[PDB]
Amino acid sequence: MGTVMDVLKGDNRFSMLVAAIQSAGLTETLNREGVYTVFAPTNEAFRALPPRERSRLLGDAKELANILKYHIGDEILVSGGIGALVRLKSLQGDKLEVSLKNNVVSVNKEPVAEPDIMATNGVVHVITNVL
């Protein structure tokens, strides 16, 4: 199948996300073993960012690590599995509010462009704005 890291490197729309993963040095982590629920922003999510905010995020190594670490859940959580509003400890420390409506999963009041994609070490949900 592949870890989270390679379902990511295999879609040519997470380009920014991976480099950013490398830069934060979160490659091994998402390529080693474990159980993570990854909400992955598409290039567009990053592309959507306003300039001063684009620079604060990406022009600062501590920024990214912090934010990138926040899109990464502690447990594995697919759609079927959301029976109530679920809170996921992000590897950053703060919670990710997950929930479900019309088969569309949501995270911090933002719709997932594509619910849960598997990987040998977690699952990823595609979204189009950074959390």
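In case it trips you up, residue 1 is the first one in the sequence shown, and so on.
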Higher-B stretch (mean Cα B-factor, as the entry records it), 86-94 or 51-59: 51-59
Mean Cα B-factor comparison, 23-31 or 66-74, giving the higher one as deposited: 23-31
Third of the chain's Cα B-factor distribution that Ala45 belongs to, per the entry: middle
Ranked C-alpha temperature factor of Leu100 among modelled chain residues, by third: highest
For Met1, the third of its chain into which the C-alpha B factor falls: highest
